[PDB]
Amino acid sequence: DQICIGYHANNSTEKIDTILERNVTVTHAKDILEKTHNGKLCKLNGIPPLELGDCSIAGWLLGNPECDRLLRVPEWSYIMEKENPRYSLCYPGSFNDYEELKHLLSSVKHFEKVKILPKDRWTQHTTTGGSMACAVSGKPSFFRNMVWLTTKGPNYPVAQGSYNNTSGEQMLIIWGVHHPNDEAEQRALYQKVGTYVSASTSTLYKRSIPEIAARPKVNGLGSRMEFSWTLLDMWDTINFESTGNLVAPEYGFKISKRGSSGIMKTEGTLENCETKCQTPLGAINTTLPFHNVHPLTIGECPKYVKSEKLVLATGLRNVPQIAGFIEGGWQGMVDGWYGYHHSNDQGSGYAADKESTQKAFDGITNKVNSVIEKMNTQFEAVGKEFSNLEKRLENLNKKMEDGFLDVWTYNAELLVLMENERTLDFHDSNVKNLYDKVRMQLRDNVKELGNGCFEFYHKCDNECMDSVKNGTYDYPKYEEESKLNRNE
Amino acid sequence: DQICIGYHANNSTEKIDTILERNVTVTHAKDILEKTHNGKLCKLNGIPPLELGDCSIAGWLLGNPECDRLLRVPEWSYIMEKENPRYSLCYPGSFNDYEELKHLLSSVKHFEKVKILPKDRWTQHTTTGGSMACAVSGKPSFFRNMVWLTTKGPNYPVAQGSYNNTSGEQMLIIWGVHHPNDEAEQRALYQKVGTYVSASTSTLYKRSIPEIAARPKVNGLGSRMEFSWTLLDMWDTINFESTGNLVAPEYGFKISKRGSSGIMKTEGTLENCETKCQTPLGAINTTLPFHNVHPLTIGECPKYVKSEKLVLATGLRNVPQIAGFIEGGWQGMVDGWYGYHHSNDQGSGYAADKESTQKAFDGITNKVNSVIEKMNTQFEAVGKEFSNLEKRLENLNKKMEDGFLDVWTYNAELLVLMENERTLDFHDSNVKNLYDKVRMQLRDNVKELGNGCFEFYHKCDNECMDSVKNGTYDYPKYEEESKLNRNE
Amino acid sequence: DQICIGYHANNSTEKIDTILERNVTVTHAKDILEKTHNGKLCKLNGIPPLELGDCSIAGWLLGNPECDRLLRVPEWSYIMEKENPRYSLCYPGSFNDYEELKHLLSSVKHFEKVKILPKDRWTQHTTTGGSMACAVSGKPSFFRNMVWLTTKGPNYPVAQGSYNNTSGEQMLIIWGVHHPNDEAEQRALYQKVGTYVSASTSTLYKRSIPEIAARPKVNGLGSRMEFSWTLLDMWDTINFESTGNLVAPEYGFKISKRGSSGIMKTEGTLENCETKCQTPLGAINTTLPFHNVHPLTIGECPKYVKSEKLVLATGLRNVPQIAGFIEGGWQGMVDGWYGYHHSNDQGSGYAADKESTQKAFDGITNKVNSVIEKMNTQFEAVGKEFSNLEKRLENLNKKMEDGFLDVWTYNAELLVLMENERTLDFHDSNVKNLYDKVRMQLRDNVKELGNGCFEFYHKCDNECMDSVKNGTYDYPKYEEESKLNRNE
Ligand SMILES: *[C@@H]1O[C@H](CO)[C@@H](O)[C@H](O)[C@H]1NC(C)=O
Ligand SMILES: *[C@@H]1O[C@H](CO)[C@@H](O)[C@H](O)[C@H]1NC(C)=O
Ligand SMILES: *[C@@H]1O[C@H](CO)[C@@H](O)[C@H](O)[C@H]1NC(C)=O
Ligand SMILES: *[C@@H]1O[C@H](CO)[C@@H](O)[C@H](O)[C@H]1NC(C)=O
Ligand SMILES: *[C@@H]1O[C@H](CO)[C@@H](O)[C@H](O)[C@H]1NC(C)=O
Ligand SMILES: *[C@@H]1O[C@H](CO)[C@@H](O)[C@H](O)[C@H]1NC(C)=O
Ligand SMILES: *[C@@H]1O[C@H](CO)[C@@H](O)[C@H](O)[C@H]1NC(C)=O
Ligand SMILES: *[C@@H]1O[C@H](CO)[C@@H](O)[C@H](O)[C@H]1NC(C)=O
Ligand SMILES: *[C@@H]1O[C@H](CO)[C@@H](O)[C@H](O)[C@H]1NC(C)=O
Ligand SMILES: *[C@@H]1O[C@H](CO)[C@@H](O)[C@H](O)[C@H]1NC(C)=O
Ligand SMILES: *[C@@H]1O[C@H](CO)[C@@H](O)[C@H](O)[C@H]1NC(C)=O
């Protein structure tokens, strides 16, 4: 008769890392890092994004002639833009607080264009101005959302216009100021010099004076156009007054839907799929708490770490080898993790200890859940733009993001490295504890063999082996025969 | 005769969380999170705060006629300001670099008001101007710390004034520029058009031009007043020159005491209590690392986390059931953690080991003290204000704060879980070591019963048990009759 | 004859820290913190730094008459500046976006000075202006890289000048505007009132108007000079136009070499040594992962923490005491860590177990390397400069730096403590495992003595002892002899 205690082994080739040892083969493992994407851009939560194409944000809002598709834009989930868009400000110039506007458009999901100042209301000016830079079919043209006021005959009266925000939400209004090349242009266009442009609301007041100078030619013109924007609150009035050089707005953008969005810089094209997490390289369909695809994610997504391998051990060490756990594992005990092997006269087979296996299984599952179900990630549509005179702010942002990434990478790496040690020691501690429990139950009626096995002095049938496995071993009832056989 | 090794059990209820199991009942536990406050705004370190009431900082520093109780204010610990104050600027307008001023006030604890430009020195202008927007008892009035200069007769000379800072500390000076509504109001107030206001110091030069335009009416007026501020250094001079539209100062604010203060946005009122850690919801009185009351605190305030429960286990696992440490804990052993139970003919009672319990106590205490005392933080204010043209900066600050708090939350949770697991394993290891030491010392004169209890072969008296409990047991002394009784 | 199991002890007095114990003596330990520097400023990677002296960045770039040794500056690795430079703008004034220029200079390692507008091209103006503040040898002078334009006779024609960037890289250009003290000197210098200065590129437009006002006298003069800078891209043109008050540039700075550099604020001089990291207090020649000299460094440098000591335990617990291991360590085992001691008829002596010692050594080395070789050492927390109106941004930078530095200090301390505890427990477990291995192999043939020492029941000679040492012990061979001696 003989009973042995050992652990389960199989043909797995999975490896882990530990703070003491490297490349340790295990029976089971769980990868908690995602490294695969579909390489495609598609709909987030069922709502397609806003594809700008070769246009820019300023070109879309101002109404570039070469962006006529984006004049009635439906709802969107995120905005796709190119790094160096071609269709941009048609007339050379600038755009004040451009980055602030782009940041505002990261929490806006829909716009509704209202006509606030109709073109025909300017009955004392000429409103059919154009330029060769912004040309369609050879003929000169201009922005579709702005009006260029010019003299009607040799006189340019004071231009006055107002609008009361009775739409139902905040409104985005853009106006421009013209900077000619020479005094001859100013006289030919506005008939007077020393002009001003004045825009004022209940919070904003602004005066601008045209500045005439010879400039390097961009797009073939030495003139420039400067654009500014404001955010009009509900039930508030905006006032325009100018003696010249005013590029008035004809449409106002009302914020219809708010939420979480962002601008994602790609060179790609929308395709047909759905997703819940989006990266500039592709979508992610995963449930693990880590990934290393791309830092700039849009939507609820797993955390980003700069790691190539994060594997958690959920099984025993694979040391293949009748002996017991001192020699190695068993490749025939496919019922659990810790078990026995009886060798009596009426049979020779393996088994599993249900209680210890269940306890260890619950512990490992709880550990995996605790490591996984402890990280809280919000929407976090990161990504901000800074101008060429804001380099310190850009460096600050970059340093903050990199610092947090390094902190989290170190945290995750060391956590996995320590917990793999803990589980690998937990398993052999459990095996030794089971061996000690069996030895304490058996007392001196058996004979330790040194390889993890026990040799019985009394002939033990299958029922007595079952009693030993359960825990109801009756030492006194086999005591006398054991003594007689041992003393002999 | 028997001797057993076991541990202590009681009727405790406190639960802890480990990394392998959840809701483990323990004998002793320590809470390292505080969630209670008195809901009252108190005096920090015995100095009452500054109750602005319905006034803004601009109203206090400019002399709003209805904020007349703040003309002379004593020392303060922090400033309490409502979220939307209602007496800020009776005359509509703007304050330049307002948030910078509010940040500067976070390091100032006392102001002394010094008359720098007396109102009677302007002997060539009119200094009694007023408006209905700032009205007292119905009659028109104006700010109490500023002077409005107006034509005396049908002429307006150049207004010149200077002050040399011979006070003893840095000075704060506020001036303003008036922007009228129409040309008639400019002519009826300053008699000339095309005026300027020039303010200059050794490190500052600034010239402003009045703006005349029709604007929407706020408080019944279409005109605006724009205010600016500067910090005058010691032994430095400030010059004022204006041909119109100047709202000159009369008082300057000198920084008397410097320190660490802050602005708290609350709607409450000050009560009679003393406090070292103040939050917008109440006061904290605790000696613990973490809390979960409010992020924006002021004072020597404990660390902040987003967790609801952080309990450290400083005791044994509570499992009740004469058996030993295998079958569970003991409810009769009251004077220690580990111990022995013995049963002679001359007595049957409990005991407790001293060296082992003392070592365990010292280790647990050192662990708790290390976790508590490594977290070193100081007193600083975390509130910052940003304007509506600075939203990227606001998002940067918000993201940095949130990220740091999530990092510390993760650190605290992992620390507590892993340390609880290690402590609960440490207790079992200590008990097993005690059992092993006793067994090694007793050698073969005894017989293991398998439930942690040892049964002697020879008769053992009280002195023998006292000898086996401390580490001096004479195996040769009882060897011979132990053999005689065993072999029988 | 007996065989015993014990561990190594020696005369080291090194101490390490543990999460459960303080000041624990260990046989071997490794220090991973560097606290020493050579107290010198010298060459970084073979390139000497730029010694400004009493110069300033603006004084060097403008051509201060006393800042005359840096008119032809070779390659540099970092810039050494003083906290309060004395040779600075000799004509009083300001410098717009100074901190942005200083930030840009942190990524440029070489400049080349190109004559873009020769001083002889101004044939219709006077170009020999000077001031007593900006003085050499008593007689008046001016900056050496700028031209002051003044009327030639009683006439100031329209100044005009352009440059096309055909150099090869980006160019930095600085110009200035003069702000006089009174109308008399404006007329005596520029012959007209109501002047302007226009500078324009393909991406920059600017118009400035002089400000005439009496000002406090700094450096003896009541007038000021305001300077501005731009970054001209390749194949781009800059246009200058002025009717007065223009300080035109004569040279432009080409960015010859780019890289990683910085500005270090010290008060010392350059000496003759060669380093790889540089701190304001000295230089570091180390390979350790950490240091605590100064937060601001330049070069490949270890991480900075607020720690007084960080020592990793790589040895056993020094417990000086043949007994074995229950009583203490051995001072005679000079070979390895764990070993045996035999005492038979032939002789006595110590030995060492090669397998256990090698396994433990490899594990400890792997742990040390994992702690050290997991910290991202790319660069450090650079030093940024902010103005007096950017206090909020400076506070943000300071708080982020402090938060990250605190987080890393806490992480390193807790890592060291927990690793030390686990190392000591690891050594204890290894010794116990060796003891249990020998006991299981030897079984009943021996009797245990209770202090780590086994006594045989037969004659175990040198062949026997070498057999037991390397795990090949024939229990059947001596079974009958052991039974004979045991039973009797
Ligand atoms: C490992 O054994 C399993 C049997 O459970 C088998 O399905 C699998 O294919 C084997 N793996 C390899 C690589 O042969
Ligand atoms: C572990 O395996 C990797 C291959 O994935 C190898 O580069 C590395 O050297 C191995 N380490 C050890 C200790 O065998
Ligand atoms: C704008 O309209 C609202 C209601 O539609 C009205 O209360 C408000 O007075 C109007 N604004 C002005 C300046 O009249
Ligand atoms: C632990 O106990 C708390 C009691 O507040 C309960 O809410 C929670 O669900 C319990 N968790 C488990 C895993 O039993
Ligand atoms: C201001 O007063 C100080 C004396 O406290 C004097 O030294 C200084 O010259 C004065 N400033 C001016 C501009 O006269
Ligand atoms: C604060 O707690 C201490 C206990 O340390 C107590 O003595 C004191 O009365 C408490 N004060 C208040 C205001 O609760
Ligand atoms: C410790 O012992 C070593 C022998 O290897 C010796 O070289 C060293 O000087 C000793 N140190 C002290 C402090 O005794
Ligand atoms: C450890 O040693 C240091 C210096 O020798 C001493 O200040 C400290 O009190 C000691 N701590 C303990 C627990 O002995
Ligand atoms: C500047 O020079 C480049 C080539 O040297 C030329 O292509 C460009 O047209 C020039 N710029 C102007 C404004 O002529
Ligand atoms: C610097 O450290 C190196 C170790 O790589 C050493 O060889 C060299 O002598 C050291 N130089 C000085 C000046 O300390
Ligand atoms: C073990 O040592 C004995 C010496 O008694 C030697 O004969 C045998 O070859 C050794 N075996 C191994 C595996 O080193």
Side-chain angles (χ1 to χ4, degrees), chain B residues 116-117 157-166 171 173 175 195-209 228 230-243 246 248-249, chain C residues 56 58-59 62 64-66 86-96 98 126 128-136 138-143 146-151 156 175-197 208-228 242 244-247 388:
Chain B
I116 53 158
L117 291 160
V158 194
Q160 306 213 351
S162 100
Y163 173 76
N164 183 6
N165 190 4
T166 54
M171 197 142 255
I173 295 154
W175 71 96
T195 56
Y196 67 93
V197 166
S198 148
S200 55
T201 72
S202 71
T203 76
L204 181 119
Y205 100 101
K206 189 132 154 270
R207 165 183 287 240
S208 325
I209 284 323
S228 320
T230 202
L231 229 53
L232 207 69
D233 267 283
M234 319 188 54
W235 329 111
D236 211 359
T237 320
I238 179 150
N239 284 17
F240 282 111
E241 193 185 0
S242 100
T243 40
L246 170 77
Chain C
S56 85
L62 284 170
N64 211 54
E66 310 193 90
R86 180 160 82 44
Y87 294 146
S88 183
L89 267 50
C90 46
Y91 209 101
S94 37
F95 205 121
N96 300 318
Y98 198 37
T126 308
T128 65
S131 165
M132 278 286 200
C134 274
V136 317
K139 50 198 50 43
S141 207
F142 200 57
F143 300 106
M146 309 287 259
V147 191
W148 192 348
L149 292 156
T150 306
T151 68
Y156 195 114
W175 73 95
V177 179
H178 184 229
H179 298 284
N181 198 41
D182 36 28
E183 245 170 0
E185 90 169 70
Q186 163 85 358
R187 193 121 37 201
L189 259 160
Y190 310 107
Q191 175 56 37
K192 325 159 312 316
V193 292
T195 50
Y196 65 91
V197 172
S208 327
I209 300 263
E211 267 75 59
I212 294 142
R215 257 164 302 239
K217 294 206 195 330
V218 152
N219 266 117
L221 264 153
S223 30
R224 310 256 185 288
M225 258 164 193
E226 188 193 17
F227 291 108
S228 352
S242 185
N245 305 63
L246 169 69
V247 182
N388 62 59

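The basis for the numbers below is simple: all heavy atoms, side chains too, and nothing from hydrogens, waters or symmetry mates. Chain naming here is simple, since letters A, B, ... match the order of the sequence lines and numbering starts at 1 in each.
Nearest heavy-atom pair, C:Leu149 versus C:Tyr156, reported as atom, atom and distance to 0.1 Å: CB-OH, 3.7 Å. Nearest heavy-atom pair, B:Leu204 versus B:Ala199, reported as atom, atom and distance to 0.1 Å: CD2-O, 4.0 Å. Of all heavy-atom pairs spanning C:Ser94 and C:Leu89, the tightest one is O-CD2, 4.0 Å. Closest non-hydrogen pair, C:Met132 versus C:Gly138, comes out as SD-O, 3.8 Å. What you find for C:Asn219 and C:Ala133 is that their closest heavy atoms are O-CB, 4.2 Å. Looking at every heavy atom in both residues, B:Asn239 comes nearest to C:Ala214 through ND2-O, 3.6 Å.
Screening C:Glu185, C:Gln191, C:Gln186 for a side-chain contact (heavy atoms from CB on, under 4.5 Å) involving C:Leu189 leaves a single residue, C:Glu185.
Using a 4.5 Å heavy-atom cutoff, the side chains of C:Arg187 and C:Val193 are in contact. Side-chain contact between C:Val247 and C:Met225 is present, with at least one heavy-atom pair separated by less than 4.5 Å. Looking at C:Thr128 and C:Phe142, their side chains never come closer than 4.5 Å, going by heavy atoms from C-beta outward. Between C:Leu221 and C:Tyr91 there is a side-chain heavy-atom pair separated by less than 4.5 Å. Looking only at side-chain heavy atoms (C-beta outward), C:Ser88 and C:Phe95 stay at 4.5 Å or farther from each other. Between C:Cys134 and C:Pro140, every side-chain heavy-atom pair lies at or beyond the 4.5 Å cut-off. Looking at B:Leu231 and B:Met171, their side chains never come closer than 4.5 Å, going by heavy atoms from C-beta outward. The closest side-chain heavy-atom distance from B:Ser228 to B:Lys206 is below 4.5 Å.
Judged by distance alone, the side chain of B:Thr243 and the main-chain N or O of B:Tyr196 form a donor-acceptor pair under 3.5 Å. Without hydrogens or angle criteria, C:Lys192 side chain to C:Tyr190 main chain gives a donor-acceptor distance under 3.5 Å. No donor-acceptor pair closer than 3.5 Å links the side chain of B:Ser200 to the backbone N or O of C:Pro216. Remark: the backbone N or O of C:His178 is paired with a side-chain donor or acceptor of C:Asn245 at under 3.5 angstrom. The main-chain N or O of C:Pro210 is never found under 3.5 Å from a side-chain atom of B:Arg207 such that the two would form a donor-acceptor pair. Proximity of a side-chain donor or acceptor of C:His179 to a complementary backbone N or O of C:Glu211 within less than 3.5 Å is detected. No donor-acceptor pair under 3.5 Å is formed between the side chain of C:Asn181 and the backbone N or O of C:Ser223.
The distance from atom CG of B:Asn165 to atom OG1 of B:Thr237, rounded to the nearest 0.5 Å, is 8.5 Å. If you take CG on C:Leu62 and CZ on C:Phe143, they are separated by 5.0 Å, rounding to the nearest 0.5 Å. Taking CH2 of B:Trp175 as the start and OG of B:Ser208 as the end, the distance is 8.0 Å to the nearest 0.5 Å. Summarising the geometry, atom CG belonging to C:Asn388 is positioned 6.5 Å from atom OG1 belonging to B:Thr203; distances are rounded to the nearest 0.5 Å. The CG atom of B:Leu232 sits 5.5 Å away from the CD1 atom of B:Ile238 when rounded to the nearest 0.5 Å. Atoms CH2 and OG1, on B:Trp235 and B:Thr166 in that order, are 6.5 Å from each other to the nearest 0.5 Å.
Side-chain contact, B:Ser202 with B:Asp236: a donor N or O sits under 3.5 Å from an acceptor N or O.
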Query raised in the report: For B:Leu117 and B:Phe240, what are the C-alpha separation, side-chain angles and deciding distance, and is it a side-chain contact (heavy atoms from CB on, under 4.5 Å)?
Result: CA-CA 11 Å; B:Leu117 291 160; B:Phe240 282 111; 4.1 Å; yes
